[PDB]
Amino acid sequence: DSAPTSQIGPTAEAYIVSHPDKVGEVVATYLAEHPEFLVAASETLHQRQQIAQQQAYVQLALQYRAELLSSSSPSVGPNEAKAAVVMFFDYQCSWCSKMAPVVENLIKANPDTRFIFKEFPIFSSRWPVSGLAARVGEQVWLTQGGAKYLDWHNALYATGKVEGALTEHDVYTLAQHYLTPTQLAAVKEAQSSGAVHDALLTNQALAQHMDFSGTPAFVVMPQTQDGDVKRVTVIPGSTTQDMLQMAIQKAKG
Amino acid sequence: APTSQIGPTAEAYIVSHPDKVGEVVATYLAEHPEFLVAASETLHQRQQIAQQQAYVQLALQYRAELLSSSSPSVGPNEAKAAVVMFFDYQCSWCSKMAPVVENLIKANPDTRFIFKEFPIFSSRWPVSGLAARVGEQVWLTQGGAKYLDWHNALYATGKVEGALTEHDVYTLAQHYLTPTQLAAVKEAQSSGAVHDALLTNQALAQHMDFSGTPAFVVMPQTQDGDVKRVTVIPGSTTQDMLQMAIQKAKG
Amino acid sequence: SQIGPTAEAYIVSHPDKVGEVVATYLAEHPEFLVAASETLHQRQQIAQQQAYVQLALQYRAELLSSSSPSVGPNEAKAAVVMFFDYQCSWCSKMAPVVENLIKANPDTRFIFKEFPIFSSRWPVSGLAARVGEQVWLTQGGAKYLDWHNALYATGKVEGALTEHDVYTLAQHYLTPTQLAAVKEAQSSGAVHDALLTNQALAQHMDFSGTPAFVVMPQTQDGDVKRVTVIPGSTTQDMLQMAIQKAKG
Ligand SMILES: [Mg+2]
Ligand SMILES: [Mg+2]
Ligand SMILES: [Mg+2]
C-alpha cells in the first residue's frame, strides 16, 4: 500500500535489519544463482590480505631491526650502508639455490648496500646439515672476510644438493678447501659435541619472531632506525632481480 | 507530506543506499554458508560446460590431424566413427584401459581405432619414450594389425609407473621388428618418420589441452558433423561410456 | 499498512535489483567469506564420521587414483589423501607434520589433491595445478612435494598468490620449454581438467575448506572401521593413529 515517502526507505531497511531471514534468504538464493559475485569478492579478499600481511611483516621488521642488522651475521657491502637486504635461506632449499645467481647479480650491482646472510633450517631434520654449514661459513667469514664467505656460500649451493640430498659428509668435503686442517678439526669436534651452532639457534629464533619459520624471505630496509614503514619491503625467497632492486631503491630513498 | 508506494519506494531506496541490507546479507551468508557452497558449485558446473564445449570445438578444428592416415589404426579406414586414444605405456590408467580397448575393438569391427603414442613420462622414464618409438616403428613397417598386437602385448607386461625396462621392450619388440628396424629406434633422432610422428602427436595433444593420459576423442569421420556426436574424455573412463560415445558418433 | 512487512514481501517477490546492489556490496566487503569458512569448519567438527566414511568408500577409486601426485609405494597397505588449497596463507602449517609422517611411514602412500575453495582466485589455482602436474609427470612425487612446499612458503610470505607469483616460482621447477607450454595453455583460458576433477571430488566429499584428510587401506575391504576422515587441519598423532588403523 502507501505511506510517507520520507519514512519508507529508512523503515524498510531497519525492518530487514531486525528480521533478516526473509530478505537474507531471497538475496542469498539470487546470489547462488548469479555467483559471479564470488569471483570479485575473492579477488578483493586476497588483494587485501596481501596488503595486510605485508604491513604486518613490516611492523615485525621494525621491531626486530637490531637482530636483523646484527653485526654477528655474515655480510658483504659496507657495514654502515644506508640500505640492507637481509636474507633468510636454507642451503637445501631448492629454489633458494636457484635464486643464488640473481642474488649474486644484485650484490655486484649494489656495492653500496649491505647484504646480510641469515642461515636457518626449514625442517627439523635439516638441523645437523644447516648447523654444520653455518659453522664452516662462520669460520670462513671470521678469518677471511665477507667476499670469501660469499664464495663458500655459492660453492655450497653449486653442489646442486637440495631437499635432503646435502649431507654432512658433503659439507666437510667442500669445507676442507676453505678451512685450515686445524679449523676443520675444530668444526668437526664442535659438531660431534651435540652443541647447535649459536647462529642457527639465533637465526631460527629470529625467523620465528619474524614469522618466517620454514619460509625463506628477504627483508629490505634502511639501517638507520627510522619508523618509515614506506622504506621497508618484505619479499618471498622466490622473487626477481627487478623486485629486489625496487625494494633497495625504496630503502635508500 | 509526500506519500508513495511502499514496495518500490523501499526497493529504490535500498538500491541507492545498499550498505545496511548489504551487511545483513553478508551476515546471512556467513551463518548459512551452504549458499556460498552452492554458488561455488554452480561456477564449477559452468566451467565443466565450457570445457566440454571447447574440447568438442578443438576436436572439430583438428579433425584432419586427429584422423590422420599417418597414425596407427585398426578398423575400416573410412569407418563412420573413429576413436582416438592418447597414452603412455607406463601410465597406470592407460594400462587398466588396455583390455577395455581390446573389448571395444572386438565389439566394434566397423569403427576406426586410432592410436596416438603420447609418452608424457619419457623425461621421467626414458623407457616410456623407447616404447613409443618401437610402437611407431611397428606401425610404419608392419601395419595396424601388428601394431595392435605389439600394443596389447606391451601393456600385458603389467610394468607401469617406472618399472618397464629396456629388456622388457627389446624382448617383446623382437617379435615385431627385425634387429635393424629395432636398432633404428633404440635412441631418439632429430628427424625421421618416428620423430615426426611423435612430435606431431605431442603438438596435437597440446592443441587439445591433453596435459595427461589417457585421453579419448570419439567423433564421426565425416566433416559434416553435429557437435552432439562428438565426445571428448580427457582421462580414464569405462567401456560403457566409450560404447555410448561410439553409438552417438555412428549417427 | 505497515512499511516493514509489505516492503519485505515486495523484495522477496522482486529480489533482482536488491541482489545486484548487494552483489556489488559483497565484492567490496569480502569479510563474509572468511566468516563463512569458519562456520563450515564448525559444522564439520560435529559432522558424523560414519557418514564421511561412506562417502570416502563411495569415492575410493577417485581418492586413490594413480593420476594424482603421491609419494610412498603405489601398492601401499594404507593411503593418506590430503586435500588442500594453496591460497590459505592463514591456515595451519601442515608441511612439518606431513614431512614427519612420510619419514615415519616409508611404506604408506601419501596423495595430493589440490583444489580451489569458494574464496580463492580460481585462475591462480589453475596455474598452480598446471605447474604441479608437469612437475609430477616429468619428475615424480618427491619433486612435486618440493614444488608444493615452495609454493606454500611463497604464498605465506607474500600473503596471497597471483599468477605472476606462480610463474616466478615455476621457472625454478620447469624447463623454459615446459613453462612456455604451461603459460600457453593457462593464458588461452583452457580449463585444467586435473583441477576440475580434484574440485569435483572435494565437493563430492563435502570438503568445502582446506585442508582435509582421508585415511584408508588401499585394498577394497569390508571394514569401515579402517577408514578415517578428518575434515580439517589436524596433528601428527591423529593422522598417525588413522594410519595405524588403515594398516591393520
Ligand atoms: Mg678458496
Ligand atoms: Mg562397429
Ligand atoms: Mg609405513
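We use all heavy atoms of the structure for the numbers below, so side chains are in, but hydrogens, waters and symmetry mates are not. Protein chains get the first letters and strands the later ones, always in sequence-line order, with residue 1 at the start of each.
By number of non-hydrogen pairs under 4.5 angstrom with chain C, the leading residue of A:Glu43, A:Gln50, A:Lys98, A:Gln47 is A:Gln50. Taking A:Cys96, A:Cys93, A:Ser213 one by one and counting their heavy-atom pairs under 4.5 Å with chain C, the maximum is reached by A:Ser213. When each of C:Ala23, C:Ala150, C:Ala7, C:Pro96 is scored by its heavy-atom pairs under 4.5 Å with chain A, the top score falls to C:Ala150. Your options are C:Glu99, C:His29, C:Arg121, C:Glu31, and the one with the most heavy-atom pairs under 4.5 Å with chain A is C:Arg121. Note: C:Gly4 leads C:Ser120, C:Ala9, C:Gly4 in heavy-atom pairs under 4.5 Å with chain A.
Considering every non-hydrogen atom in both C:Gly19 and A:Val27, the closest pair reads CA-CG1, 4.2 Å. Here the shortest heavy-atom pairing between C:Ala153 and A:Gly214 reads CB-O, 4.3 Å. Contact between C:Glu8 and A:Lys22 at its shortest, heavy atoms only, is OE1-CD, 3.1 Å.
Going from atom OG of A:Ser94 over to atom CH2 of C:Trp147 covers 10.5 Å, rounded to the nearest 0.5 Å. Distance CG/A:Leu31 to CD/C:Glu20: 10.5 Å, rounded to 0.5 Å.
Within the 4.5 Å cutoff, no side-chain heavy atoms of C:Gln2 are placed close to those of A:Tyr15. Between C:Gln87 and A:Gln49, the closest side-chain pair of non-hydrogen atoms is not below 4.5 Å. The shortest side-chain heavy-atom distance between C:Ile11 and A:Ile16 falls under the 4.5 Å cut-off. Contact annotation: the side chain of C:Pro30 approaches that of A:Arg48 to within less than 4.5 Å [non-hydrogen atoms, C-beta and beyond].
Using a 4.5 Å heavy-atom cut-off against chain A, no residue of residues 230-241 of chain C qualifies as contacting. For residues 154-180 of chain C, a heavy-atom distance under 4.5 Å to chain A picks out C:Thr154, C:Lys156, C:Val157, C:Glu158, C:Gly159, C:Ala160, C:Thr168, C:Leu169, C:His172, C:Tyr173, given by residue number.
Of the two parts of A:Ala3, only the side chain, counted from C-beta on, holds a non-hydrogen atom closer than 4.5 Å to a non-hydrogen atom of chain C. In this structure, no portion of C:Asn100 lies under 4.5 Å from any heavy atom of chain A. If you measure heavy-atom distances from C:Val124 to chain A, you find no contacts under 4.5 Å at all.
Of the candidates A:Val26, A:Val23, A:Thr29, C:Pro15 forms a side-chain contact (heavy atoms from CB on, under 4.5 Å) with just one, namely A:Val26.
Here the side chain of A:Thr44 pairs no donor or acceptor atom with the backbone of C:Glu28 at under 3.5 angstrom. A:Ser42 places a side-chain N or O within donor-acceptor distance of the main-chain N or O of C:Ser119, the cut-off being under 3.5 Å.
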What verdict does the side chain to side chain contact (heavy atoms under 4.5 Å, CB included) test give for A:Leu45 and C:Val34, after you've listed the backbone C-alpha separation in whole Å, the side-chain angles of each residue and the deciding distance to 0.1 Å?
CA-CA 9 Å; A:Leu45 185 73; C:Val34 174; 3.9 Å; yes

